[PDB]
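Structure file final_19.cif (mmCIF, C-alpha atoms and all ligand atoms) is printed below.
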data_coords
#
loop_
_atom_site.group_PDB
_atom_site.id
_atom_site.type_symbol
_atom_site.label_atom_id
_atom_site.label_comp_id
_atom_site.auth_asym_id
_atom_site.auth_seq_id
_atom_site.Cartn_x
_atom_site.Cartn_y
_atom_site.Cartn_z
ATOM 1 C CA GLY A 1 91.230 67.181 100.566
ATOM 2 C CA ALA A 2 94.915 67.816 101.248
ATOM 3 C CA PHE A 3 94.577 71.476 102.008
ATOM 4 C CA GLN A 4 91.630 70.884 104.328
ATOM 5 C CA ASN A 5 93.637 68.225 106.230
ATOM 6 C CA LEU A 6 96.459 70.700 106.639
ATOM 7 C CA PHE A 7 94.201 73.510 107.782
ATOM 8 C CA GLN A 8 92.501 71.258 110.289
ATOM 9 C CA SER A 9 95.886 70.059 111.702
ATOM 10 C CA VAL A 10 96.886 73.551 112.782
ATOM 11 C CA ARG A 11 95.823 74.571 116.235
ATOM 12 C CA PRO B 671 100.701 99.906 119.055
ATOM 13 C CA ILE B 672 98.617 96.851 119.986
ATOM 14 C CA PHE B 673 97.915 95.817 116.440
ATOM 15 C CA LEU B 674 101.507 96.048 115.298
ATOM 16 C CA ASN B 675 102.555 94.230 118.474
ATOM 17 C CA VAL B 676 100.418 91.267 117.435
ATOM 18 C CA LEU B 677 101.612 91.216 113.807
ATOM 19 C CA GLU B 678 105.235 91.206 114.951
ATOM 20 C CA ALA B 679 104.563 88.418 117.443
ATOM 21 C CA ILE B 680 102.949 86.059 114.932
ATOM 22 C CA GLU B 681 105.307 86.714 111.998
ATOM 23 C CA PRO B 682 106.764 83.423 110.760
ATOM 24 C CA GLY B 683 110.506 82.840 110.890
ATOM 25 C CA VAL B 684 112.836 81.878 108.075
ATOM 26 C CA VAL B 685 111.954 78.962 105.788
ATOM 27 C CA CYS B 686 114.442 76.959 103.712
ATOM 28 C CA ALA B 687 113.647 75.220 100.408
ATOM 29 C CA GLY B 688 115.882 72.150 100.812
ATOM 30 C CA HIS B 689 117.671 72.842 97.526
ATOM 31 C CA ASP B 690 121.008 71.224 96.690
ATOM 32 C CA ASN B 691 123.293 74.062 95.662
ATOM 33 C CA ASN B 692 126.128 71.610 95.043
ATOM 34 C CA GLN B 693 124.531 70.498 91.795
ATOM 35 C CA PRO B 694 124.283 72.595 88.642
ATOM 36 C CA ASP B 695 120.937 74.296 88.085
ATOM 37 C CA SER B 696 118.346 72.467 85.999
ATOM 38 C CA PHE B 697 114.674 73.346 85.434
ATOM 39 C CA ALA B 698 113.554 70.097 87.018
ATOM 40 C CA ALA B 699 115.529 70.679 90.213
ATOM 41 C CA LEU B 700 114.547 74.305 90.501
ATOM 42 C CA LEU B 701 110.873 73.445 90.076
ATOM 43 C CA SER B 702 111.058 70.670 92.656
ATOM 44 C CA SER B 703 112.541 73.110 95.094
ATOM 45 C CA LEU B 704 109.957 75.758 94.361
ATOM 46 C CA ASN B 705 107.254 73.176 94.906
ATOM 47 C CA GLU B 706 108.833 72.166 98.253
ATOM 48 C CA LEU B 707 109.330 75.802 99.302
ATOM 49 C CA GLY B 708 105.808 76.667 98.229
ATOM 50 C CA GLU B 709 104.291 73.929 100.377
ATOM 51 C CA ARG B 710 106.498 74.795 103.364
ATOM 52 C CA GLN B 711 105.484 78.451 103.147
ATOM 53 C CA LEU B 712 101.806 77.507 102.826
ATOM 54 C CA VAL B 713 102.032 75.718 106.175
ATOM 55 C CA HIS B 714 103.396 78.842 107.777
ATOM 56 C CA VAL B 715 100.721 81.023 106.083
ATOM 57 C CA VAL B 716 98.053 78.832 107.666
ATOM 58 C CA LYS B 717 99.637 79.118 111.129
ATOM 59 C CA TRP B 718 100.074 82.883 110.722
ATOM 60 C CA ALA B 719 96.620 83.523 109.307
ATOM 61 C CA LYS B 720 94.765 81.564 112.012
ATOM 62 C CA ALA B 721 96.418 83.793 114.611
ATOM 63 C CA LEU B 722 95.543 87.105 112.945
ATOM 64 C CA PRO B 723 93.256 89.577 114.762
ATOM 65 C CA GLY B 724 89.702 88.787 113.760
ATOM 66 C CA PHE B 725 90.393 85.904 111.426
ATOM 67 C CA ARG B 726 88.137 83.522 113.299
ATOM 68 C CA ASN B 727 85.207 85.927 112.703
ATOM 69 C CA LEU B 728 85.174 84.431 109.230
ATOM 70 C CA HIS B 729 83.045 81.460 108.267
ATOM 71 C CA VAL B 730 85.446 78.477 108.312
ATOM 72 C CA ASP B 731 84.859 77.841 104.622
ATOM 73 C CA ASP B 732 85.898 81.414 103.890
ATOM 74 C CA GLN B 733 88.921 81.094 106.181
ATOM 75 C CA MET B 734 90.104 78.187 104.081
ATOM 76 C CA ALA B 735 89.278 79.875 100.762
ATOM 77 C CA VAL B 736 91.012 83.218 101.422
ATOM 78 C CA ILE B 737 94.271 81.500 102.398
ATOM 79 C CA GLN B 738 94.351 79.441 99.179
ATOM 80 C CA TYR B 739 93.430 82.360 96.906
ATOM 81 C CA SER B 740 95.910 84.796 98.430
ATOM 82 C CA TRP B 741 98.859 82.467 99.235
ATOM 83 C CA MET B 742 100.828 83.170 96.037
ATOM 84 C CA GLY B 743 100.456 86.953 96.490
ATOM 85 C CA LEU B 744 101.529 86.651 100.115
ATOM 86 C CA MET B 745 104.597 84.713 99.074
ATOM 87 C CA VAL B 746 105.471 87.216 96.314
ATOM 88 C CA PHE B 747 105.169 90.196 98.631
ATOM 89 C CA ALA B 748 107.247 88.599 101.367
ATOM 90 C CA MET B 749 109.911 87.355 98.933
ATOM 91 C CA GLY B 750 110.185 90.871 97.541
ATOM 92 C CA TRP B 751 110.665 92.224 101.058
ATOM 93 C CA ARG B 752 113.367 89.660 101.865
ATOM 94 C CA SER B 753 115.116 90.458 98.619
ATOM 95 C CA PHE B 754 115.175 94.150 99.502
ATOM 96 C CA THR B 755 116.153 93.721 103.145
ATOM 97 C CA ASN B 756 118.766 90.979 102.741
ATOM 98 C CA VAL B 757 120.523 91.810 99.449
ATOM 99 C CA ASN B 758 119.329 95.234 98.304
ATOM 100 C CA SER B 759 117.357 93.669 95.441
ATOM 101 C CA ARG B 760 120.548 92.432 93.744
ATOM 102 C CA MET B 761 118.994 88.963 93.605
ATOM 103 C CA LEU B 762 115.738 87.259 94.568
ATOM 104 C CA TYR B 763 115.843 85.831 98.052
ATOM 105 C CA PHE B 764 113.340 82.999 97.836
ATOM 106 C CA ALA B 765 114.985 81.293 100.834
ATOM 107 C CA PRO B 766 118.478 81.309 102.420
ATOM 108 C CA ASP B 767 119.228 78.176 100.370
ATOM 109 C CA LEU B 768 117.406 79.321 97.199
ATOM 110 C CA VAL B 769 118.755 82.655 96.004
ATOM 111 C CA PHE B 770 118.081 83.474 92.323
ATOM 112 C CA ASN B 771 120.666 85.249 90.149
ATOM 113 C CA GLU B 772 119.713 86.061 86.524
ATOM 114 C CA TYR B 773 121.009 82.689 85.321
ATOM 115 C CA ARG B 774 118.625 80.947 87.734
ATOM 116 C CA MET B 775 115.790 83.289 86.773
ATOM 117 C CA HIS B 776 116.400 82.136 83.214
ATOM 118 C CA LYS B 777 116.789 78.449 83.987
ATOM 119 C CA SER B 778 113.531 78.460 85.980
ATOM 120 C CA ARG B 779 111.619 79.460 82.830
ATOM 121 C CA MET B 780 110.032 82.211 84.914
ATOM 122 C CA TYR B 781 112.337 85.032 83.801
ATOM 123 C CA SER B 782 109.620 87.628 83.198
ATOM 124 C CA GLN B 783 107.892 86.928 86.510
ATOM 125 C CA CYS B 784 111.264 87.147 88.272
ATOM 126 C CA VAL B 785 112.048 90.533 86.697
ATOM 127 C CA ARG B 786 108.704 91.916 87.863
ATOM 128 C CA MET B 787 109.400 90.551 91.345
ATOM 129 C CA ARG B 788 112.841 92.186 91.384
ATOM 130 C CA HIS B 789 111.127 95.473 90.453
ATOM 131 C CA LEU B 790 108.731 94.998 93.375
ATOM 132 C CA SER B 791 111.780 94.448 95.619
ATOM 133 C CA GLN B 792 113.328 97.698 94.428
ATOM 134 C CA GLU B 793 110.108 99.623 95.220
ATOM 135 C CA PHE B 794 110.370 98.687 98.919
ATOM 136 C CA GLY B 795 113.595 100.704 98.816
ATOM 137 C CA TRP B 796 112.405 103.586 96.594
ATOM 138 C CA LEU B 797 109.363 104.081 98.836
ATOM 139 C CA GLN B 798 111.365 103.596 102.051
ATOM 140 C CA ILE B 799 108.810 101.085 103.297
ATOM 141 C CA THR B 800 109.153 100.490 107.018
ATOM 142 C CA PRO B 801 109.097 97.001 108.564
ATOM 143 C CA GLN B 802 105.833 98.018 110.278
ATOM 144 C CA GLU B 803 104.271 99.153 106.999
ATOM 145 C CA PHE B 804 105.400 95.772 105.539
ATOM 146 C CA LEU B 805 103.604 93.807 108.263
ATOM 147 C CA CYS B 806 100.357 95.759 107.938
ATOM 148 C CA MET B 807 100.378 95.620 104.127
ATOM 149 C CA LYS B 808 101.050 91.855 104.126
ATOM 150 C CA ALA B 809 98.134 91.178 106.490
ATOM 151 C CA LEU B 810 95.837 93.264 104.273
ATOM 152 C CA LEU B 811 96.938 91.161 101.257
ATOM 153 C CA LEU B 812 95.292 88.147 102.811
ATOM 154 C CA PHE B 813 91.973 89.967 102.431
ATOM 155 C CA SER B 814 92.486 91.191 98.870
ATOM 156 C CA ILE B 815 91.238 88.442 96.571
ATOM 157 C CA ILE B 816 87.745 86.814 96.624
ATOM 158 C CA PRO B 817 85.021 85.240 94.404
ATOM 159 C CA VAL B 818 83.074 87.710 92.234
ATOM 160 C CA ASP B 819 79.857 85.915 93.392
ATOM 161 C CA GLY B 820 80.769 86.396 97.067
ATOM 162 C CA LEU B 821 81.991 84.423 100.086
ATOM 163 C CA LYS B 822 79.858 82.314 102.433
ATOM 164 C CA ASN B 823 79.550 85.143 104.944
ATOM 165 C CA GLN B 824 80.424 88.217 102.937
ATOM 166 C CA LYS B 825 79.518 90.662 105.685
ATOM 167 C CA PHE B 826 82.098 89.266 108.161
ATOM 168 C CA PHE B 827 84.747 89.478 105.467
ATOM 169 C CA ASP B 828 83.841 93.068 104.621
ATOM 170 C CA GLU B 829 84.200 94.167 108.247
ATOM 171 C CA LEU B 830 87.476 92.324 108.663
ATOM 172 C CA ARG B 831 89.046 93.839 105.534
ATOM 173 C CA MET B 832 87.835 97.225 106.702
ATOM 174 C CA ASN B 833 89.631 96.834 110.005
ATOM 175 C CA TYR B 834 92.898 95.973 108.277
ATOM 176 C CA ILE B 835 92.593 99.068 106.044
ATOM 177 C CA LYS B 836 91.921 101.196 109.173
ATOM 178 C CA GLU B 837 95.083 99.778 110.764
ATOM 179 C CA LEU B 838 97.261 100.482 107.729
ATOM 180 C CA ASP B 839 95.848 104.030 107.777
ATOM 181 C CA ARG B 840 96.710 104.179 111.494
ATOM 182 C CA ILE B 841 100.443 103.569 111.094
ATOM 183 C CA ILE B 842 100.526 105.978 108.169
ATOM 184 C CA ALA B 843 98.788 108.616 110.315
ATOM 185 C CA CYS B 844 101.094 107.977 113.229
ATOM 186 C CA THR B 850 98.656 115.558 103.310
ATOM 187 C CA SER B 851 101.872 113.532 103.220
ATOM 188 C CA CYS B 852 99.674 110.792 104.662
ATOM 189 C CA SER B 853 97.374 111.016 101.701
ATOM 190 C CA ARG B 854 100.282 110.634 99.301
ATOM 191 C CA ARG B 855 101.545 107.693 101.344
ATOM 192 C CA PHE B 856 98.294 105.738 101.251
ATOM 193 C CA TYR B 857 98.205 106.172 97.458
ATOM 194 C CA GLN B 858 101.760 104.897 96.973
ATOM 195 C CA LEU B 859 101.299 101.892 99.247
ATOM 196 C CA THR B 860 97.961 100.809 97.725
ATOM 197 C CA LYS B 861 99.462 101.087 94.266
ATOM 198 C CA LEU B 862 102.233 98.750 95.371
ATOM 199 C CA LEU B 863 99.757 96.310 96.894
ATOM 200 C CA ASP B 864 97.690 96.259 93.721
ATOM 201 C CA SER B 865 100.792 95.384 91.707
ATOM 202 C CA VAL B 866 101.260 92.102 93.566
ATOM 203 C CA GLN B 867 98.178 90.488 92.043
ATOM 204 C CA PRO B 868 99.150 90.506 88.334
ATOM 205 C CA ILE B 869 102.439 88.916 89.341
ATOM 206 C CA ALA B 870 100.770 86.158 91.300
ATOM 207 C CA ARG B 871 98.488 85.543 88.355
ATOM 208 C CA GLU B 872 101.439 85.139 86.005
ATOM 209 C CA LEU B 873 102.933 82.575 88.383
ATOM 210 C CA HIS B 874 99.589 80.749 88.465
ATOM 211 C CA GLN B 875 99.257 80.742 84.657
ATOM 212 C CA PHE B 876 102.805 79.454 84.154
ATOM 213 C CA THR B 877 102.334 76.645 86.683
ATOM 214 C CA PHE B 878 98.815 75.670 85.597
ATOM 215 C CA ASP B 879 100.219 75.220 82.089
ATOM 216 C CA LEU B 880 103.060 73.050 83.457
ATOM 217 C CA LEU B 881 100.666 70.851 85.329
ATOM 218 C CA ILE B 882 98.532 70.243 82.263
ATOM 219 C CA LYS B 883 101.403 69.311 80.040
ATOM 220 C CA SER B 884 103.190 67.476 82.901
ATOM 221 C CA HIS B 885 102.468 63.941 81.653
ATOM 222 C CA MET B 886 105.214 64.236 79.052
ATOM 223 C CA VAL B 887 107.314 66.685 81.125
ATOM 224 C CA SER B 888 106.799 64.237 84.017
ATOM 225 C CA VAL B 889 106.767 67.108 86.473
ATOM 226 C CA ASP B 890 105.816 64.918 89.419
ATOM 227 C CA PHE B 891 103.554 67.489 91.070
ATOM 228 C CA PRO B 892 103.366 66.901 94.786
ATOM 229 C CA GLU B 893 99.912 66.266 96.211
ATOM 230 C CA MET B 894 99.175 69.639 97.866
ATOM 231 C CA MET B 895 100.276 71.573 94.799
ATOM 232 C CA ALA B 896 98.376 69.367 92.375
ATOM 233 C CA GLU B 897 95.232 69.939 94.371
ATOM 234 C CA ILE B 898 95.599 73.702 94.609
ATOM 235 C CA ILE B 899 96.604 74.124 90.978
ATOM 236 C CA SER B 900 93.749 72.004 89.620
ATOM 237 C CA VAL B 901 90.937 72.911 92.057
ATOM 238 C CA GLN B 902 91.530 76.520 93.145
ATOM 239 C CA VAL B 903 93.863 78.206 90.668
ATOM 240 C CA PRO B 904 91.511 77.789 87.635
ATOM 241 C CA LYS B 905 88.944 79.823 89.556
ATOM 242 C CA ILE B 906 91.411 82.695 89.416
ATOM 243 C CA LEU B 907 92.462 82.078 85.816
ATOM 244 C CA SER B 908 88.840 81.884 84.642
ATOM 245 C CA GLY B 909 87.926 85.131 86.434
ATOM 246 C CA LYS B 910 85.534 83.611 88.976
ATOM 247 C CA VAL B 911 87.915 84.783 91.748
ATOM 248 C CA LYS B 912 89.414 88.271 91.321
ATOM 249 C CA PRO B 913 91.563 90.667 93.321
ATOM 250 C CA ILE B 914 90.031 93.584 95.170
ATOM 251 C CA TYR B 915 91.972 96.472 93.643
ATOM 252 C CA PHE B 916 92.273 99.908 95.177
ATOM 253 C CA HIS B 917 92.877 101.593 91.848
ATOM 254 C CA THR B 918 91.336 100.874 88.469
ATOM 255 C CA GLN B 919 93.684 98.756 86.323
HETATM 256 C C1 LIG A 1001 106.200 77.701 90.143
HETATM 257 N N1 LIG A 1001 106.027 77.980 91.580
HETATM 258 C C2 LIG A 1001 106.759 78.961 92.309
HETATM 259 O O1 LIG A 1001 107.476 79.811 91.849
HETATM 260 N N2 LIG A 1001 106.507 78.690 93.679
HETATM 261 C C3 LIG A 1001 106.991 79.624 94.612
HETATM 262 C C4 LIG A 1001 107.496 79.156 95.837
HETATM 263 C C5 LIG A 1001 107.977 80.006 96.815
HETATM 264 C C6 LIG A 1001 107.982 81.381 96.566
HETATM 265 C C7 LIG A 1001 108.603 82.255 97.613
HETATM 266 N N3 LIG A 1001 109.039 82.786 98.639
HETATM 267 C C8 LIG A 1001 107.495 81.867 95.375
HETATM 268 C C9 LIG A 1001 107.484 83.329 95.170
HETATM 269 F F1 LIG A 1001 108.482 83.974 95.512
HETATM 270 F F2 LIG A 1001 107.389 83.770 94.015
HETATM 271 F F3 LIG A 1001 106.610 84.002 95.738
HETATM 272 C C10 LIG A 1001 107.004 81.005 94.397
HETATM 273 C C11 LIG A 1001 105.455 77.851 93.877
HETATM 274 O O2 LIG A 1001 105.013 77.518 94.915
HETATM 275 C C12 LIG A 1001 105.180 77.315 92.538
HETATM 276 C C13 LIG A 1001 105.814 75.945 92.791
HETATM 277 C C14 LIG A 1001 103.702 77.446 92.320
HETATM 278 C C15 LIG A 1001 102.798 76.493 92.786
HETATM 279 C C16 LIG A 1001 101.441 76.685 92.525
HETATM 280 C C17 LIG A 1001 100.924 77.797 91.882
HETATM 281 O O3 LIG A 1001 99.549 77.930 91.623
HETATM 282 C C18 LIG A 1001 101.854 78.738 91.416
HETATM 283 C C19 LIG A 1001 103.208 78.558 91.646
#
Any chance you could put this one into structure tokens?
Ligand SMILES: CN1C(=O)N(c2ccc(C#N)c(C(F)(F)F)c2)C(=O)[C@@]1(C)c1ccc(O)cc1
Amino acid sequence: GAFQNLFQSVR
Amino acid sequence: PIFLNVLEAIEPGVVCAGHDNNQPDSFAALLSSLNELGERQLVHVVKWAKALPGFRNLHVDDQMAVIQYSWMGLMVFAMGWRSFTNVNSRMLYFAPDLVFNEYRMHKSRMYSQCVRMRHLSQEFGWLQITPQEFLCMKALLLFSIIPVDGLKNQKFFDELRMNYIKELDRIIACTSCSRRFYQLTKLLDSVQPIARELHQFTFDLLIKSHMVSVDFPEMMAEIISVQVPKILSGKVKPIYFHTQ
């Protein structure tokens, strides 16, 4: 999902 | 003040909405800007939250859940604070390039929500909330809304929320103190009904959106259709201090 992608992209 | 030191250090900086103030206000433009601002703030909530004391104690699924459930309340609380600190609650300071006067409140179709948020802004001043109280209360907000049926690792959550309550108590201690904790937890509780009214308004927009063509951007469409109905249906509820 979009939110999961974003969460995973943050160090 | 180790804990406060950390919260100050990780606090996100200013965020702009990208709104064109050279054009007259329209509902469609204001909503596109709120959508843009909303996504930009969510990015900063994720960066902020991952650096909070203890946050990695949480099961990763719960980490992700708690951010999505509490993001609107976090944004409401912070916007209220900016409104108070920057303009003495005369207007709503969504972003330096998105300041709402009453005509914008009306044009946004969120007038009632805006009024309630302006009242929240005025309470920061009536209660003489300190910037340090603001930081501790905002962090606690992240841990104030969860599924009625529980999180993946409920125990880790429980201990984390406890620590943030202990740290708000700390900077109130540092009696009058009793009165203070009451006033501040009342204010925190009041954020949740406002967030819910924002969720209801936007959920309804999304559903009708095929005629209203409100091109909902991908992140928002996902959160409004997948996570927000959990709150609207009561499967996910705030943790209130006082009975409503
Ligand atoms: C209508 N909405 C709104 O006022 N914003 C919004 C954007 C930035 C701020 C700020 N700062 C605020 C806030 F002030 F009210 F908190 C709302 C949102 O993000 C949005 C777009 C929304 C999106 C999904 C959802 O489930 C509920 C609402």
For the provided coordinates, the residues matched by the PyMOL selection byres (((not hetatm)) within 8 of (chain A and resi 1001)) should be stated as a CSV table (one decimal) with C-alpha atoms, in the coordinates of the input.
chain,number,residue,atom,x,y,z
B,701,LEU,CA,110.9,73.4,90.1
B,702,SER,CA,111.1,70.7,92.7
B,703,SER,CA,112.5,73.1,95.1
B,704,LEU,CA,110.0,75.8,94.4
B,705,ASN,CA,107.3,73.2,94.9
B,706,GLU,CA,108.8,72.2,98.3
B,707,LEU,CA,109.3,75.8,99.3
B,708,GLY,CA,105.8,76.7,98.2
B,709,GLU,CA,104.3,73.9,100.4
B,711,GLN,CA,105.5,78.5,103.1
B,742,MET,CA,100.8,83.2,96.0
B,743,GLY,CA,100.5,87.0,96.5
B,744,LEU,CA,101.5,86.7,100.1
B,745,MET,CA,104.6,84.7,99.1
B,746,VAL,CA,105.5,87.2,96.3
B,747,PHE,CA,105.2,90.2,98.6
B,748,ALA,CA,107.2,88.6,101.4
B,749,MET,CA,109.9,87.4,98.9
B,750,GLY,CA,110.2,90.9,97.5
B,763,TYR,CA,115.8,85.8,98.1
B,764,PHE,CA,113.3,83.0,97.8
B,765,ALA,CA,115.0,81.3,100.8
B,780,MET,CA,110.0,82.2,84.9
B,784,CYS,CA,111.3,87.1,88.3
B,787,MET,CA,109.4,90.6,91.3
B,870,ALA,CA,100.8,86.2,91.3
B,873,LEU,CA,102.9,82.6,88.4
B,874,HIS,CA,99.6,80.7,88.5
B,875,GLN,CA,99.3,80.7,84.7
B,876,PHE,CA,102.8,79.5,84.2
B,877,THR,CA,102.3,76.6,86.7
B,878,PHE,CA,98.8,75.7,85.6
B,895,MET,CA,100.3,71.6,94.8
B,896,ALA,CA,98.4,69.4,92.4
B,898,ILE,CA,95.6,73.7,94.6
B,899,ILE,CA,96.6,74.1,91.0
B,903,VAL,CA,93.9,78.2,90.7
Starting from 8 Å padding per side, set up an axis-aligned box that covers all listed atoms of region 869-883 of chain B and hand over centre and edge lengths in Å, one decimal, as AutoDock Vina command-line options.
--center_x 100.8 --center_y 79.1 --center_z 85.7 --size_x 20.6 --size_y 35.6 --size_z 27.3
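For residue 8 (chain A), the list of residues within 10 Å, based on all atoms listed in the file and with local chain neighbours fewer than 4 positions off taken out, reads residues 2, 3 and 4 of chain A; 716 and 734 of chain B.
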- [ ] Using the chain letters and residue numbers of this document, give as a VMD selection string the residues selected by the PyMOL selection byres (((chain B and resi 856) around 12) and not hetatm).
- [x] chain B and resid 797 799 803 807 835 to 843 850 to 855 857 to 863 916 to 917
Open item on the list: Show me, as a PyMOL selection string, the residues of chain B whose atoms get within 9 Å of chain A, using all atoms listed in the file for the distance check.
Closed with: chain B and resi 713+716-717+720+734+738+893-894+897-898
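Atom pair CA of residue 688 (chain B) / CA of residue 866 (chain B) has a distance of 25.8 Å (rounded to one decimal).
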TODO: Write out as an MDAnalysis selection string each polymer residue whose atoms come within 7 Å of residue 812 (chain B), counting all atoms listed in the file; drop sequence neighbours fewer than 2 positions from it.
DONE: chainID B and resid 736:737 740 744 808:810 814
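In this model, the gap between CA of residue 729 (chain B) and CA of residue 676 (chain B) comes to 22.0 Å.
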- [ ] Mind giving me the straight-line distance from CA of residue 815 (chain B) to CA of residue 880 (chain B) in Å, one decimal?
- [x] 23.4 Å
TODO: Name the residues in contact with residue 680 (chain B) at a cut-off of 9 Å, using all atoms listed in the file, excluding same-chain residues fewer than 6 positions from it; report them as a PyMOL selection string.
DONE: chain B and resi 717-719+721-722
Open item on the list: Using all atoms listed in the file - which residues lie no farther than 9 Å from the point (113.0, 97.0, 93.1) in the file's frame? Write them as JSON, numbers by chain.
Closed with: {"B": [750, 753, 754, 758, 759, 760, 786, 787, 788, 789, 790, 791, 792, 793, 794, 795, 796]}
